[PDB]
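Everything on this sheet refers to the single structure shown next.
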Amino acid sequence: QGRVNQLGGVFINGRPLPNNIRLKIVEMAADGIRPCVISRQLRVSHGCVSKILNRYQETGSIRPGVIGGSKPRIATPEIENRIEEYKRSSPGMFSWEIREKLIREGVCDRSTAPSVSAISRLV
DNA sequence: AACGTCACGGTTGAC
DNA sequence: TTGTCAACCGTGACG
């Protein structure tokens, strides 16, 4: 649902500014226009202008960050939780040792056991 | 008067 | 299939 900000600029709460506006903020910055002017001219909150400008400097892109989705779980299951729970053995507790404890405890099978390398990555 | 930073109420999508 | 949840969003306000 489209809404209006204090400066009279249209925006959708939760969603990124449309590309046409993002593109314009950057064009203006390249023209030597001060950020505060871009704010009043385009009617975008200055906090937003600042963000988009700082991001263009870091990433070199107009496009917004990646929204939504689940981080890839290569080392999937509650197993990950069990590996963190092994915070009592922690120091000295080798990567391969963890794999063995995961098997005799019941949480993991011999066929479905994570490689010690993967556990190193997770730990 | 300019602008860096962040809580807030919000939406999204990979698994 | 439907739902969970951590990633991001822009505004508005503070310093």
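Heavy atoms only: backbone and side chains are in, while hydrogens, waters and symmetry mates are out. Chain naming here is simple, since letters A, B, ... match the order of the sequence lines and numbering starts at 1 in each.
- For the pair A:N81 and A:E84, the minimum side-chain heavy-atom distance is below 4.5 Å.
- At a threshold of 4.5 Å between non-hydrogen side-chain atoms, the residues A:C108 and A:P114 count as touching.
- Residue A:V49 is out of contact with every strand shown, counting any heavy-atom pair closer than 4.0 Å.
- Under 4.0 angstrom from either OP1 or OP2 of B:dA2 there lies at least one side-chain N or O belonging to A:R40.
- A positive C1'-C2'-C3'-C4' angle places the sugar of C:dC9 in the north (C3'-endo) family.
- Residues A:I25 and A:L53 have side chains in contact (heavy-atom distance under 4.5 Å, counting atoms from C-beta outward).
- One finds a side-chain N or O of A:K51 lying less than 4.0 angstrom from the OP1 or OP2 phosphate oxygen of C:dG10.
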Are there any protein N/O atoms within less than 3.5 Å of an N/O atom in nucleotides 12-15 of chain C, and if so, which ones and at what distance?
residue : atom : partner : partner atom : Å
C:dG12  : OP2  : A:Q6    : N            : 2.9
C:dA13  : OP2  : A:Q6    : NE2          : 2.9

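- Backbone-only contact: A:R34 has heavy atoms under 4.0 Å from sugar-phosphate atoms and none from a base.
- In this structure, A:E58 places its CD atom 13 Å from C1' of B:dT5, rounding to the nearest Å.
- The pentose of C:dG10 belongs to the south class of puckers. Its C1'-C2'-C3'-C4' angle has a negative sign.
- In this structure, CG of A:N54 is placed 16 Å from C1' of B:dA2, rounded to the nearest angstrom.
- When side chains are defined from C-beta on, A:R22 counts as touching A:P64, because their heavy atoms get closer than 4.5 Å.
- Distance CZ (A:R3) to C1' (C:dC9): 13 Å, rounded to an integer number of Å.
- B:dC3 atom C1' lies 12 Å from atom CD1 of A:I38, rounded to whole Å.
- The distance between atom CG of A:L53 and atom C1' of B:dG4, rounded to the nearest whole Å, is 12 Å.
- Annotation: the span from A:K24 atom NZ to A:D31 atom CG amounts to 7.0 Å, rounded to 0.5 Å.
- Between A:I67 and A:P16, some side-chain heavy-atom pair lies under the 4.5 Å cut-off.
- As judged by a 4.0 angstrom heavy-atom cut-off over every strand, A:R43 is placed among residues making no nucleic acid contact.
- Atom CD1 in A:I12 sits roughly 15 Å away from atom P in C:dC9 (whole-Å rounding).
- For B:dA7, the torsion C1'-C2'-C3'-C4' is below zero, which places the sugar in the south, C2'-endo range.
- A 4.5 Å side-chain heavy-atom check between A:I33 and A:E27 finds every atom pair outside the cut-off.
- Protein atom CG of A:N81 is 13 Å distant from nucleotide atom P of C:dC5, rounded to whole Å.
- Using a 4.0 Å heavy-atom criterion, one finds that A:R22 contacts the sugar-phosphate atoms exclusively.
- When the shell of 6.0 Å around CZ of A:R43 is examined, it contains 12 or fewer heavy atoms from other residues, nucleotides or ligands.
- Under 3.5 Å, the side chain of A:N13 and the base of B:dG9 form at least one donor-acceptor pair of N or O atoms.
- Rounded to an integer number of Å, the gap from CG of A:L17 to P of C:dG10 is 5 Å.
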